[PDB]
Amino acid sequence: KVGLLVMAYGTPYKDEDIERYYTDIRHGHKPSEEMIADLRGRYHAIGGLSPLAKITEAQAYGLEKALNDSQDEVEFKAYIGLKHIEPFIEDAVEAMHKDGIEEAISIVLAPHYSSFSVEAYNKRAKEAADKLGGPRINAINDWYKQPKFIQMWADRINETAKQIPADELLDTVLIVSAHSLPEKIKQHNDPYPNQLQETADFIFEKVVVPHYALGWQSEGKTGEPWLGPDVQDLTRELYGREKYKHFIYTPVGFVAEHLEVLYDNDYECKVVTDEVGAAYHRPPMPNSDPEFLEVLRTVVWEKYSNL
């Protein structure tokens, strides 16, 4: 049996979890009352709580099922390890150890690598395994280059574009985004920004949308520059420069419908298109669609074959 360590950010299970969840996100530094209320307000705006918890489970166990049905070389056992709420990464690794799992494959539910994201996932998983003495953790760093992943997104964009009048397709633009990070990672050649540009390039060559731009979103409450431009600011510039009639947002850095999509895209971005008078489009996120499980199954299996 090979452990499948599936890792993701995590989301509060109950409204009462928001406080400790934000504290964990802030590296154990309690947010102010005013920050807590702002974040609580955003959750209420998207309906109360994020569906990320159930989607993540569906992805993790959909992947496990997908792998075990497609071959009989090994039995995969999925453990869920969350970054900022239980079950934590270290909990999942502990669960594998007590279960006797000797070798595991880990994957992050975000297709691009960065020092701030996947690297932190792998560091904590590998350090937990070290302390316990097992299991051996073979980390997958990124998988945006998976052809089925690029094609999944192209199909979703093409499905939306084919409902845009032909005489307005030329005024349609594809906005490809991911979670922003401190700009300083670009000073040491972090692959994150360039992996995102590669993703947008690969998708653009497979869609009927004639225009596209790369943006970032959800930058944090800090004092340093973050990767820009922000998807809101980019929408304004693009409309002012080209008067686009349709904006299609694909935050390909994310794999599920959660706060950073339901609010930062479906509210904040729609507010900008509403303002300039253009139409807002946001294709469904991967979630646990069969096509996406197939993407993850292909990635994990290729990683196992290379082991």
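One rule holds for the numbers: they count along the sequence shown, beginning at 1. Superpose the two forms; the largest set of C-alphas matching within 1.5 Å is the rigid core.
Asker: Please indicate which stretch deviates more in 4 other deposited structures of this protein: 235-243 or 38-46, judged by C-alpha RMS distance after a core superposition?
Answerer: With the rigid core fitted, 38-46 is the stretch that strays more in 4 other deposited structures of this protein.
Asker: 26-34 versus 55-63: which one's CA atoms end up farther from this form in 4 other deposited structures of this protein after a core fit?
Answerer: Most displaced of the pair in 4 other deposited structures of this protein: 26-34.
Asker: Going by the B-factors listed in the PDB entry, is the mean over the C-alpha atoms higher for 161-169 or for 138-146?
Answerer: Result of the comparison: 161-169.
Asker: Highest mean C-alpha temperature factor of the two stretches 15-23 and 279-287, which is it?
Answerer: Looking at the record's C-alpha B-factors, the answer is 15-23.
Asker: Considering only 151, 222, 180, 197, which residue's Cα atom bears the greatest B-factor as recorded?
Answerer: By C-alpha B-factor in the record, 222 ranks first.
Asker: In terms of CA temperature factor as recorded, identify the highest of 132, 174, 234, 108.
Answerer: Comparing C-alpha B-factors across 132, 174, 234, 108, the maximum falls on 132.
Asker: Test of reading the entry: by CA B factor among the chain's modelled residues, which third contains residue 88?
Answerer: As the PDB entry reports it, the C-alpha B-factor of residue 88 lands in the middle third of its chain.
Asker: Using the temperature factors of the C-alpha atoms in this entry, rank residue 118 within its chain: lowest, middle or highest third.
Answerer: Lowest third of the chain for residue 118's C-alpha B-factor.
Asker: Would you check the entry's CA temperature factor for residue 218 and let me know if it's in the chain's lowest, middle or highest third?
Answerer: Within its chain, residue 218 is a middle-third residue by C-alpha B-factor, going by the deposited values.
Asker: Mind checking which third residue 204 falls in for C-alpha B-factor across the chain?
Answerer: Its C-alpha B-factor belongs to the middle third of this chain's values.
Asker: Among the modelled residues of its chain, does the C-alpha B-factor of residue 32 lie in the lowest, middle or highest third?
Answerer: Its C-alpha B-factor belongs to the highest third of this chain's values.
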